[PDB]
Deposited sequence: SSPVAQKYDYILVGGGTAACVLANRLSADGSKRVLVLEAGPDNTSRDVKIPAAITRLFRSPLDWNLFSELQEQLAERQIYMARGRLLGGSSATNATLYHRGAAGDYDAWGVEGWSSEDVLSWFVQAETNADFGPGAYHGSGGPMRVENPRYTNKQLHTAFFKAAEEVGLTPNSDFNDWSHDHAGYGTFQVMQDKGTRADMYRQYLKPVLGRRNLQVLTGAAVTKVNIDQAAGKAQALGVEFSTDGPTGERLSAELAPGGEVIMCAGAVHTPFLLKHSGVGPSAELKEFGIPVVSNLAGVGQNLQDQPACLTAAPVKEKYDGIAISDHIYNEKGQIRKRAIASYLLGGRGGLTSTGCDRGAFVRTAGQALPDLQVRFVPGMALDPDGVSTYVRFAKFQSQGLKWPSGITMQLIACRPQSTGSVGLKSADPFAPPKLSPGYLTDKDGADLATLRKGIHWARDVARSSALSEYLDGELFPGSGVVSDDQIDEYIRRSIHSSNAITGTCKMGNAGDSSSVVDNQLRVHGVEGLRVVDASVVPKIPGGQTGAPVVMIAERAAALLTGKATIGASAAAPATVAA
């Protein structure tokens, strides 16, 4: 009723990060009728604009409220896995930190035409960095905005960097400079524009909403991809929900269907769409169009645990939580005024934007990312505490002052899986994050040795001056067996999720798409989102997505080639 006898050259399933890039590039001439179906609403919320209000998007209408299956290995828990639900997708709901990983992360991909020398100029082509002059590793004209965080906790960030130095770490002045080693302490840059969040809706989609060849519908949840027997021919969606009409959007001659539904819902939509392993599809009575055993496998996610600790009494009031809430739980009016008049203060802060990369056991690249936060966690599950901080507003209590150190296996060997649990295209997928299931216990050994490392740093003379003890895991967690058991019951997601539709050389029976992002054994079907990532890079995964979506877009329209 909105695609009415109209045909599209590109149908984009999803209105997310990679989608917001692609629409911009693909719609940029005038010869292409681009479509962009987003299940979520429009991007118009003030909680999305303000970095600190990310504590309000967890478990919110703007989130898919996805929970994993029972994880036997994780004290028989379901694991909440945040995912954005709106135009801009997860770039609207994320912690905004800007990472590329290391040059060695893309060379180990092994795929042709995507070595570190291949991907570097797409990273830089997409960037306007406020804090690095232009060079081989930093851009000045690209659509993304990147800056150093404009909040600084003068006492507790500097004691963190001293601590790190006291325990023998060396400073990294730029984690995205591939000409030195990835490891060390320092500040993470954030995807922000003078303290306002610069999601991919803001930086890409929004400035081209006036193009007449660009059609973007929200509320439009796609149910499958029409594949006449192989050649895709459209998608089927509903503008109302599970209780709505089953519309259809047609492709024009030589029109392609781009999957941008994320690493959770794209393999999900692929299995419903007849693309998956026959055995899993035969179980729900789904016909098999292409039998690729890679769909839904290889789910990679970076698992986190934390330690938290209160400061001494003499330092009550110097936490970022003291700069955001007052002693009665109301937002400080001064924090609001700095933010609006000047883009400064606690409200520009996703909190976890200072840290380190450490090698725990002399590995080739760092296995451990530390994120330091000068607020105190109140639950061992970091995400939970963030939700608790949102609900804490105006309750009447003082949030206690202290620091949190989050620890993350950033190059984790464990993999997961996404699958079908119901024939209902509107049901939550079968989702198993798979943490701590690698055969060598390597992920577990990183997080445990992260717990020893964070207590070392908390013991340094620079940090012990501020701290009074340790709340999590607590003084009763001393043995190695007690630390792994603390990790198992508290392990949360640092929210990455890659690899569920991986690319690889021709002759890879494990792969889903090829190095040109088109899935094997289907015509005019391609995937351009975090799914294709064959191997998660040491770092938050949003920037590599944009590079994947830019490269894909010039490739489509003739500006670049791969291999």
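For this chain, the deposited residues without C-alpha positions form the stretches 230 to 233, 568 to 578, given in sequence order.
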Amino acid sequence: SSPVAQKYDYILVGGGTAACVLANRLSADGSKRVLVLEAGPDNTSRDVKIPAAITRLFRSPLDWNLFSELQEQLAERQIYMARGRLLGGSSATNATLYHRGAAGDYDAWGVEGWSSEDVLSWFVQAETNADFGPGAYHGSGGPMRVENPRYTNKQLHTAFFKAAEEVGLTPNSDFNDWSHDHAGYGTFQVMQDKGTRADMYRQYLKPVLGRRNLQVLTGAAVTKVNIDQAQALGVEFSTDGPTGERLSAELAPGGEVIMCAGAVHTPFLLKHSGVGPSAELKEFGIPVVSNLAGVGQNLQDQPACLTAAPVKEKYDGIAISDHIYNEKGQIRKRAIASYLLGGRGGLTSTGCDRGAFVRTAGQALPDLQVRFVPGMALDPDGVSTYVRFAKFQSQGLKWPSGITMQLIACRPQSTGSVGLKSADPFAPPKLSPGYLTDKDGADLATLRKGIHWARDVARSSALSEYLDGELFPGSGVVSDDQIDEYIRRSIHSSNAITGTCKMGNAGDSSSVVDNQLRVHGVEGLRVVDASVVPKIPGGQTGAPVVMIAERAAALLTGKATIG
From here on, numbers count along this sequence of modelled residues.
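In this text, rigid core is short for the largest set of C-alphas that superpose within 1.5 Å between two forms.
Comparing the two stretches 91 to 99 and 238 to 246 by root mean square C-alpha distance in 6 other deposited structures of this protein, with all structures fitted on the core, the more displaced one is 238 to 246. Of the two stretches examined, 395 to 403 and 94 to 102, the record assigns the greater average C-alpha temperature factor to 395 to 403. For the segment pair 310 to 318 and 416 to 424, the entry gives 416 to 424 the higher mean B-factor, averaged over Cα atoms. By the numbers in the PDB entry, the CA B factor is greatest at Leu292 among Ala442, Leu292, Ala198, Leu368. Listed residues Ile336, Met144, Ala409, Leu270 were ranked by CA B-factor as deposited; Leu270 comes out on top. Split the chain's modelled residues into thirds by C-alpha temperature factor. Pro429 is in the highest one. Among the modelled residues of its chain, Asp29 has a C-alpha B-factor that falls in the highest third, as given in the PDB entry. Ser475: CA B factor in the highest third of modelled residues in this chain (values from the PDB entry). When the modelled residues of the chain are ordered by C-alpha B-factor, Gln189 sits in the lowest third. Ranked by Cα temperature factor within the chain, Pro51 sits in the lowest third according to the deposited record.
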